[PDB]
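Undergrad: When you get a sec, could you give me coordinates for this:
(3 chains, ligands or ions: 4)
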Amino acid sequence: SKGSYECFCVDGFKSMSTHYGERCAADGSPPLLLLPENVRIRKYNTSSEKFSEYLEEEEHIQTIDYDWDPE
Amino acid sequence: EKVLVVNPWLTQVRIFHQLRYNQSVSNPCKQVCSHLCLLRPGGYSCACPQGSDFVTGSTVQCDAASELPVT
Amino acid sequence: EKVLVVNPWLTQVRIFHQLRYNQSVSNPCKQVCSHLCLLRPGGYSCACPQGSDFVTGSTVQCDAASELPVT
Ligand SMILES: *[C@@H]1O[C@H](CO)[C@@H](O[C@@H]2O[C@H](CO)[C@@H](O)[C@H](O[C@@H]3O[C@H](CO)[C@@H](O)[C@H](O)[C@@H]3O)[C@H]2NC(C)=O)[C@H](O)[C@H]1NC(C)=O
Ligand SMILES: *[C@@H]1O[C@H](CO)[C@@H](O[C@@H]2O[C@H](CO)[C@@H](O)[C@H](O[C@@H]3O[C@H](CO)[C@@H](O)[C@H](O)[C@@H]3O)[C@H]2NC(C)=O)[C@H](O)[C@H]1NC(C)=O
Ligand SMILES: *[C@@H]1O[C@H](CO)[C@@H](O[C@@H]2O[C@H](CO)[C@@H](O)[C@H](O)[C@H]2NC(C)=O)[C@H](O)[C@H]1NC(C)=O
Ligand SMILES: [Ca+2]
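TA: Residues are numbered from 1 along each chain as shown, chains lettered A, B, ... in the order given. Ligands and ions are numbered 1, 2, ... in the order given. This is the structure:
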């Protein structure tokens, strides 16, 4: 705009005023991290801050990607 | 900021969330392709497995025998 | 036989049980010692901290000031 602008955020992001600036939330379950080790893949809830068991008794893992709920 | 500490066996971090991959991106493929329908800017293209070629005169059907999807 | 698999940061396995350390082994020390009462085959001995020596003529009391046990 003429000497002005808006920090709008796209669909699926609720505007949430935060500390040291404003951001937009995740509009759903807090993100997990996937953490692959040679023998297992581990999950971690970024909000709950707890590991939980996932793929185990494996060997020589190296990299990870995912498809969100295909079915 | 530090989040957490894991094995030197750690090989990735990946955020497992749906907003991370926009699910409402329509596939331009018209099901015309016989085996593979790769993407390209503003459209798609046909291809067939390695060590095979298109049936002469056509850019869709390839001579390699089709295989059933895995259950 | 294998038991479990864990980080290359593993440094030791130690069995935490009471039968591994016979608890009914009586300490031969007669509380005579001033600071330390070390063991030896069939008996015990007196000693005092580094940079200190026994009071002349005695093999029990040492010149270093005693310190209260830590809570
Ligand atoms: C994920 O990708 C989809 C597209 O596959 C994005 O949807 C589009 O988002 C724009 C943003 O403002 C909307 O306008 C689109 O709506 C459509 O707009 C055109 C004109 O440009 C009209 O002709 C259509 O009738 C319609 O109103 C919208 N399109 C669709 C198909 O939804 C989406 O924003 C994006 N999401 C994220 C999180 O990246
Ligand atoms: C842990 O150490 C204790 C000793 O500090 C062991 O106890 C002794 O075990 C023997 C095994 O047969 C018993 O005889 C002992 O009983 C006494 O033995 C003396 C002879 O040395 C006799 O004169 C006594 O009349 C009496 O029979 C017993 N001593 C005590 C004080 O209990 C114990 O076995 C050991 N446990 C393990 C698991 O190693
Ligand atoms: C990660 O942790 C968050 C909490 O920080 C979970 O969110 C809650 O999950 C319960 C599950 O029954 C829901 O009923 C609540 O409504 C959720 N609360 C919020 C703040 O939305 C979340 O489910 C956890 N995800 C995983 C997979 O562990
Ligand atoms: Ca402006």
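
Undergrad: Give the helix, strand or coil label for the residue of chain B found nearest chain C.
TA: Closest contact between chain B and chain C, by Cβ to the nearest Cβ, is at residue B:7 (4.4 Å). The C-beta positions use only the backbone N, C-alpha and C, and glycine is treated the same way. At residue B:7 the chain is in coil, as set by DSSP: H, G, I helix; E, B strand; the rest coil.

Undergrad: Please name the residues that touch it.
TA: A:37, C:7, C:8, C:9 (Cβ atoms under 8 Å, 6 or more residues apart in numbering or on different chains).

Undergrad: can you tell me how far the third one sits from residue A:59?
TA: From residue C:8 across to residue A:59, the span is 14 Å (Cβ to Cβ, to the nearest Å).

Undergrad: and if you look at residue A:28?
TA: 34 Å.

Undergrad: what's the helix or strand hosting residue A:17 packed up against?
TA: Using DSSP states H and E, residue A:17 sits within strand A:15-18. Counting by 3 or more Cβ pairs under 8 Å, 6 or more residues apart in numbering or on different chains; DSSP states H and E, the packing neighbours recorded for strand A:15-18 are strand A:21-24.

Undergrad: Would you mind writing the CA trace of the strand it packs on as CSV?
TA: C-alpha atoms of strand A:21-24 as CSV (Å, rounded to 0.1, in the frame of the first residue of the first chain):
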residue,chain,number,x,y,z
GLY,A,21,6.7,-10.2,16.7
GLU,A,22,3.5,-11.8,15.4
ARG,A,23,3.3,-15.3,13.8
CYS,A,24,0.6,-17.6,12.5
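
Undergrad: Partner strands of it, with direction?
TA: Paired strands of strand A:21-24, with direction, are strand A:15-18 (antiparallel) (DSSP bridges).

Undergrad: Touching the strand it pairs with from outside, list them.
TA: A:9, A:22, A:23, A:24, A:25.

Undergrad: Mind picking the two most distant members of those residues?
TA: A:22 and A:25 (10.8 Å; Cβ to Cβ).

Undergrad: Buried ones among the contacts of strand A:15-18?
TA: With neighbours counted by 16 or more other Cβ atoms under 10 Å in any protein chain shown, the contacts of strand A:15-18 contain no buried members.

Undergrad: between those residues, which is nearest residue B:38?
TA: Using Cβ to Cβ, these come closest to residue B:38 at residue A:9, 32.4 Å.

Undergrad: Tell me if the strand holding residue A:17 is near ligand 3.
TA: No - if you take Cβ under 6 Å from any ligand atom as the test, strand A:15-18 misses ligand 3, and the best it gets is 12.7 Å.

Undergrad: Would you mind writing the CA trace of that strand as PDB?
TA: Below are the C-alpha coordinates for strand A:15-18, written out as PDB (Å, rounded to 0.1, in the frame of the first residue of the first chain):
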ATOM      1  CA  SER A  15      -2.800 -15.000  13.200                       C
ATOM      2  CA  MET A  16      -1.400 -15.400  16.700                       C
ATOM      3  CA  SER A  17       0.300 -12.300  18.400                       C
ATOM      4  CA  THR A  18       3.600 -13.600  19.900                       C
END
